[PDB]
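Enquirer: I have a structure I would like to understand better, so I am pasting it below and will then ask my questions one at a time.
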Amino acid sequence: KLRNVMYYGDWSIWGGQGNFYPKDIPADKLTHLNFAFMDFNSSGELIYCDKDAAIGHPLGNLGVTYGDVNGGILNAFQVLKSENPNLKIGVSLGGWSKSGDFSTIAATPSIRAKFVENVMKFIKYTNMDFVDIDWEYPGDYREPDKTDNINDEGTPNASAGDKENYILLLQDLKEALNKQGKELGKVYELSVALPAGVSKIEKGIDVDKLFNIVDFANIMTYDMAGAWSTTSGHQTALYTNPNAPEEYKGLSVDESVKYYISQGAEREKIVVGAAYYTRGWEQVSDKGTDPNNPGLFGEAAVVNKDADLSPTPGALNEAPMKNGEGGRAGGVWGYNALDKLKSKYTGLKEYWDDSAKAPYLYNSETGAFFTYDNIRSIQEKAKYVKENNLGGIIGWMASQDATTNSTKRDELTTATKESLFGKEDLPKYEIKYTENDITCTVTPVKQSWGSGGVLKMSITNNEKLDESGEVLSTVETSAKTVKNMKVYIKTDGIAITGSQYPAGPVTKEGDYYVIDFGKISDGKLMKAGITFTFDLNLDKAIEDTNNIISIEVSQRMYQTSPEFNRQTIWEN
Ligand SMILES: O=S(=O)(O)CCN1CCN(CCS(=O)(=O)O)CC1
Ligand SMILES: O=S(=O)(O)CCN1CCN(CCS(=O)(=O)O)CC1
Ligand code: NA
Ligand code: NA
């Protein structure tokens, strides 16, 4: 079974990525959606990159106020899955900028165990389905590049022990996932992000052992050429053009996959990467390296400067170059910004390298050169996956895809899905939720005056908050809040004519009376430990509860989103 995997960065929601909220992800076209990234410290405690993004932002949902506990990307992912049950949702830990604490965690069994325990709790409270470990990279000594990213940790504590310790970490995670999956009655998966190139693999990836632990592995077959080099090239090519110079030999999807297989990787677990952005160079001279691809593998003149004044051959980026926030000139433009790119760099012509099956843009008069993925190269990558019995495709990243006919950013995502799977719907999966500890009492009220009767009902959220630290306490608080509660009451011969605050309004829907706490501002987010006690009005006085059959409750993340976790709280 193939996979169509997508990264979604938590910073998608701000202006740099055009304020792209999860509801506009084409989730019916994905099998796996990675929340990128969760940080963590050297003691194994999880740490947010952007707390408001993760747990507080309203994300375009009309009834959500900033900071409301049903806000945030993590809750939005749950809604995407409810609305698109083909989808598995998961969490990417680390990434290029937050891999600095892996070496320490992986080296000490007690810290490894704490990290694993915290990740298991996280995915329990967020109802996530997989864990993706993006250790970039084990055994690779690297300092931060604060000009690129003030928050970059690098991997300054890398060591030769990382290769074996990563295997231990992955083994611990998979065993914990197996255990928790059995406890909760669900299937979990474990994935990793892997380097494309041989030297990084040799430094830190025990291929054969790793592939026997993970469910699948995402090969980062992008960023394989760029402004760190003074030779133009393809950054994410399917095949190695035979004219490639030594520095780019090996750095294609095909050669990377073939190397992994030669080292023991199981084909069906290999997911290959597609980049939804350009890289490029300001001023490339055609050296005639490949006469059939002008400008390719040409010499890039060192004519620009980074934000820290370092000379560079890189072209300008879509975003302004600022020290500490995209400070390196890399020719980096989102796929959805190719029209902006062409307005800034005029005179670009589109080329296709038939030997690499990769597009590029080149101005033969100015020398500007950009390398990227398009619909055609993604279709070629998909054909390669199918013909070689590989595992799927991963895209980096969602917010960079282009709109087609709606507000969804889905041009490349749709092309990927249809080339892998065709036009039919993706398989759907059952979604399980853990019932909340919700109890209730019902008490007939003696009313010697007036007409009708009264039933006094109390509903209690018996959950209690135990987790410590910002990450686990916030996801726990959300999970143990009863959200937009609907109460379904089935009676035999008893009519509920009305309801009173703190109850929401009551209606008859089929054989049930339904109380909608989504319509009570004080009742729509019922925190742990809270009780609502309220009067229900009846058409006739009642002396016992014998004609009350059942009371059930359901939740909704938003007033608009699907009901879930329907559970019985009182039965006769
Ligand atoms: O200012 S914004 O909030 O728009 C972007 C903040 N920040 C910039 C750096 N990237 C690094 C991603 S990675 O290097 O870890 O892939 C994460 C987002
Ligand atoms: O002894 S050596 O290590 O030199 C060769 C071992 N060799 C590596 C390649 N795989 C192909 C797996 S697959 O093609 O069936 O997926 C077979 C075994
Ligand atoms: Na960290
Ligand atoms: Na193997």
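Naming works like this for the structure tokens: A, B, ... for the chains as they're shown, residue 1 at the start of each chain, ligands 1 onward in shown order.
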Could you pull out the residues sitting within 10 Å of ligand 4, using only C-alpha atoms and all ligand atoms, and write them as a PDB file with C-alpha atoms, in the first residue's frame?

Expert:
```pdb
ATOM      1  CA  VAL A 207      20.513   1.224   7.179  1.00  0.00           C
ATOM      2  CA  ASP A 208      19.763  -2.456   7.648  1.00  0.00           C
ATOM      3  CA  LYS A 209      18.911  -2.165  11.361  1.00  0.00           C
ATOM      4  CA  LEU A 210      16.895   1.033  10.932  1.00  0.00           C
ATOM      5  CA  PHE A 211      14.707  -0.339   8.154  1.00  0.00           C
ATOM      6  CA  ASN A 212      13.853  -3.366  10.234  1.00  0.00           C
ATOM      7  CA  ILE A 213      12.411  -1.126  12.992  1.00  0.00           C
ATOM      8  CA  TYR A 260      19.875   2.462   0.403  1.00  0.00           C
ATOM      9  CA  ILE A 261      18.732  -0.811  -1.174  1.00  0.00           C
ATOM     10  CA  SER A 262      22.364  -1.927  -1.566  1.00  0.00           C
ATOM     11  CA  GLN A 263      22.825  -1.332   2.171  1.00  0.00           C
ATOM     12  CA  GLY A 264      19.828  -3.422   3.147  1.00  0.00           C
ATOM     13  CA  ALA A 265      16.795  -1.124   2.950  1.00  0.00           C
ATOM     14  CA  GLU A 266      13.520  -2.838   2.169  1.00  0.00           C
ATOM     15  CA  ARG A 267      12.078  -1.201  -0.985  1.00  0.00           C
TER      16      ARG A 267
END
```

Enquirer: Can you list, as a PyMOL selection string, every protein, DNA or RNA residue that comes within 12 Å of residue A:472 when you count only C-alpha atoms, leaving out same-chain residues fewer than 3 positions away?

Expert: chain A and resi 38+40+45-48+51+54-55+115+117-126+465-469+475-480

Enquirer: Show which residues sit within 9 Å of residue A:109, as a PyMOL selection string. Count only C-alpha atoms, and ignore same-chain residues fewer than 4 positions away.

Expert: chain A and resi 105+113-114+168-169

Enquirer: Only C-alpha atoms, please: the residues just picked out, written as a tab-separated table (two decimals), in the first residue's frame.

Expert:
```
chain	number	residue	atom	x	y	z
A	105	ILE	CA	18.89	11.94	24.75
A	113	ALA	CA	13.04	6.33	28.25
A	114	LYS	CA	11.75	9.71	29.44
A	168	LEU	CA	18.29	2.06	20.36
A	169	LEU	CA	16.03	5.11	20.33
```

Enquirer: Throw together the list of residues within 10 Å of ligand 3, counting only C-alpha atoms and all ligand atoms, and drop it here as a compact mmCIF listing (two decimals) with N, CA and C atoms, in the first residue's frame.

Expert:
```
# COMPACT_ATOMS: atom_id res chain seq x y z
N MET A 38 8.12 19.37 16.40
CA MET A 38 8.17 19.40 17.85
C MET A 38 9.64 19.42 18.29
N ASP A 39 9.99 20.38 19.14
CA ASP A 39 11.31 20.46 19.75
C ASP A 39 11.31 19.66 21.05
N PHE A 40 12.49 19.55 21.65
CA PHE A 40 12.67 18.85 22.91
C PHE A 40 14.06 19.24 23.42
N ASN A 41 14.23 19.12 24.72
CA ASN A 41 15.48 19.51 25.34
C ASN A 41 16.30 18.27 25.74
N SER A 42 17.47 18.53 26.32
CA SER A 42 18.44 17.47 26.57
C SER A 42 18.03 16.54 27.71
N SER A 43 16.96 16.88 28.43
CA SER A 43 16.39 16.01 29.46
C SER A 43 15.22 15.17 28.96
N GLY A 44 14.91 15.26 27.68
CA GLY A 44 13.83 14.52 27.08
C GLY A 44 12.47 15.15 27.21
N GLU A 45 12.38 16.37 27.72
CA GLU A 45 11.10 17.08 27.78
C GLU A 45 10.77 17.72 26.44
N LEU A 46 9.51 17.61 26.03
CA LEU A 46 9.08 18.20 24.78
C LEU A 46 8.94 19.71 24.94
N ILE A 47 9.22 20.42 23.86
CA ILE A 47 9.25 21.89 23.84
C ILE A 47 8.64 22.37 22.52
N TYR A 48 7.65 23.27 22.60
CA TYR A 48 7.08 23.83 21.38
C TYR A 48 8.06 24.72 20.62
N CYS A 49 7.98 24.67 19.29
CA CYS A 49 8.58 25.73 18.49
C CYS A 49 7.72 26.98 18.56
N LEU A 93 9.51 15.12 15.04
CA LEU A 93 10.35 15.61 16.12
C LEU A 93 11.70 16.00 15.55
N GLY A 94 12.14 17.21 15.87
CA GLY A 94 13.48 17.66 15.48
C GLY A 94 13.48 18.49 14.20
N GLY A 95 13.96 17.90 13.11
CA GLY A 95 14.19 18.63 11.89
C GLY A 95 15.57 19.26 11.90
N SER A 97 16.66 22.22 12.21
CA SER A 97 16.97 23.28 13.16
C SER A 97 16.81 22.86 14.63
N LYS A 98 16.24 21.69 14.92
CA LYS A 98 15.97 21.30 16.30
C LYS A 98 16.43 19.86 16.56
N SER A 99 17.53 19.49 15.94
CA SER A 99 18.14 18.18 16.17
C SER A 99 19.29 18.23 17.17
N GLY A 100 19.55 19.36 17.81
CA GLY A 100 20.72 19.47 18.66
C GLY A 100 20.67 18.61 19.91
N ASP A 101 19.47 18.26 20.40
CA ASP A 101 19.42 17.51 21.64
C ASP A 101 19.29 16.00 21.45
N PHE A 102 19.22 15.52 20.21
CA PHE A 102 19.12 14.08 20.00
C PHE A 102 20.33 13.33 20.56
N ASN A 151 17.26 30.44 15.50
CA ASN A 151 16.79 29.33 16.33
C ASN A 151 17.41 28.00 15.94
N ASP A 152 18.34 28.00 14.99
CA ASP A 152 19.00 26.75 14.56
C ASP A 152 19.89 26.24 15.70
N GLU A 153 19.69 24.97 16.11
CA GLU A 153 20.56 24.37 17.12
C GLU A 153 21.85 23.78 16.55
N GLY A 154 21.86 23.46 15.26
CA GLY A 154 22.86 22.58 14.71
C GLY A 154 22.83 21.20 15.39
N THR A 155 23.95 20.49 15.27
CA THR A 155 24.18 19.23 15.98
C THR A 155 25.62 19.24 16.50
```

Enquirer: DSSP on the backbone, alpha helix (DSSP H) only: what residues of stretch 161-346 of chain A does that give? Format it as an NGL selection string.

Expert: :A and (162-184 or 198-204 or 207-211 or 253-262 or 338-344)

Enquirer: Name the residues in contact with residue A:229 at a cut-off of 10 Å, using only C-alpha atoms, excluding same-chain residues fewer than 6 positions from it; report them as an NGL selection string.

Expert: :A and (247 or 281 or 299-300 or 302 or 312-314)

Enquirer: Could you turn the residues from that selection into a file that holds C-alpha atoms, as an mmCIF file, in the first residue's frame?

Expert:
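Contents of out.cif, freshly written:
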```
data_model
loop_
_atom_site.group_PDB
_atom_site.id
_atom_site.type_symbol
_atom_site.label_atom_id
_atom_site.label_comp_id
_atom_site.auth_asym_id
_atom_site.auth_seq_id
_atom_site.Cartn_x
_atom_site.Cartn_y
_atom_site.Cartn_z
ATOM 1 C CA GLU A 247 30.019 16.651 -6.463
ATOM 2 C CA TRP A 281 22.071 30.899 -8.405
ATOM 3 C CA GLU A 299 29.976 27.902 -13.071
ATOM 4 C CA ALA A 300 27.994 30.185 -10.737
ATOM 5 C CA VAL A 302 30.091 34.623 -6.554
ATOM 6 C CA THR A 312 27.623 33.838 -2.273
ATOM 7 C CA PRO A 313 26.606 32.608 -5.730
ATOM 8 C CA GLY A 314 23.019 32.182 -4.505
#
```

Enquirer: Residues at most 7 Å from ligand 1, using only C-alpha atoms and all ligand atoms? Could they come as a list in words?

Expert: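 So the residues close to ligand 1 are residues 11, 14, 15, 16, 17, 95, 96, 97, 98, 149 and 325 of chain A.
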
Enquirer: Write the selection just made, keeping N, CA and C atoms, as a CSV table (one decimal), in the first residue's frame?

Expert:
```csv
chain,number,residue,atom,x,y,z
A,11,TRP,N,4.8,27.1,11.2
A,11,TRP,CA,4.9,28.5,10.7
A,11,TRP,C,4.1,28.8,9.5
A,14,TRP,N,1.5,32.0,9.6
A,14,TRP,CA,1.9,33.4,9.6
A,14,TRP,C,2.1,33.9,8.2
A,15,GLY,N,2.4,35.2,8.1
A,15,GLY,CA,2.4,35.9,6.9
A,15,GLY,C,3.5,35.4,5.9
A,16,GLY,N,4.6,34.9,6.4
A,16,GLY,CA,5.7,34.4,5.5
A,16,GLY,C,5.2,33.3,4.6
A,17,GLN,N,4.2,32.5,5.0
A,17,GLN,CA,3.7,31.5,4.2
A,17,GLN,C,2.2,31.8,3.8
A,95,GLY,N,14.0,17.9,13.1
A,95,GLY,CA,14.2,18.6,11.9
A,95,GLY,C,15.6,19.3,11.9
A,96,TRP,N,15.9,19.9,10.8
A,96,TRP,CA,17.2,20.5,10.6
A,96,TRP,C,17.6,21.4,11.7
A,97,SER,N,16.7,22.2,12.2
A,97,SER,CA,17.0,23.3,13.2
A,97,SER,C,16.8,22.9,14.6
A,98,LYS,N,16.2,21.7,14.9
A,98,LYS,CA,16.0,21.3,16.3
A,98,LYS,C,16.4,19.9,16.6
A,149,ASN,N,19.2,31.1,10.5
A,149,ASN,CA,18.1,30.9,11.4
A,149,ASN,C,18.6,31.1,12.8
A,325,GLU,N,16.8,35.3,10.1
A,325,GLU,CA,15.5,35.0,9.5
A,325,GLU,C,15.7,34.9,8.0
```

Enquirer: If we count only C-alpha atoms, what is near stretch 542-555 of chain A at a cut-off of 10 Å, once residues fewer than 5 positions away on the same chain are taken out, given as an MDAnalysis selection string?

Expert: chainID A and resid 435 438 440 442:447 452:455 459 481:494 512:518 524:525 561:572

Enquirer: Find the residue from A:389, A:159, A:285, A:458 that sits nearest to ligand 2; use only C-alpha atoms and all ligand atoms when measuring.

Expert: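 Checking each of A:389, A:159, A:285, A:458 against ligand 2, counting only C-alpha atoms and all ligand atoms, the winner is A:389.
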
Enquirer: Which residues are near residue A:350? Cut-off 10 Å, only C-alpha atoms, ignore same chain within fewer than 6 positions. Put them as a ChimeraX atom specification.

Expert: /A:359-363,370

Enquirer: Rounded to one decimal place, report the atom CA of residue A:206-atom CA of residue A:381 distance in Å.

Expert: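 Rounded to one decimal, the two atoms are 25.4 Å apart.
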
Enquirer: Residues of stretch 243-448 of chain A classed as strand (DSSP E or B) by DSSP on the backbone are to be reported as a PyMOL selection string.

Expert: chain A and resi 270-275+277+279-281+284-285+299-300+304-305+311-312+314+322+325+334+349-353+358-362+369-371+392-396+403+409+438-445

Enquirer: Dump as a Markdown table the rows for residues of stretch 334-447 of chain A within 8 Å of stretch 81-89 of chain A: closest atom pair and distance in Å with one decimal, only C-alpha atoms counted, ordered by chain and rising residue number.

Expert:
```
| residue | atom | partner | partner_atom | distance |
| --- | --- | --- | --- | --- |
| A:426 | CA | A:86 | CA | 5.9 |
| A:427 | CA | A:86 | CA | 5.5 |
| A:428 | CA | A:86 | CA | 4.1 |
| A:429 | CA | A:85 | CA | 5.7 |
| A:430 | CA | A:85 | CA | 7.2 |
| A:431 | CA | A:85 | CA | 7.2 |
```

Enquirer: Which one of A:358, A:53, A:80, A:530 sits closest to residue A:13 if you count only C-alpha atoms?

Expert: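 Of the candidates, the smallest distance to residue A:13 is held by A:53.
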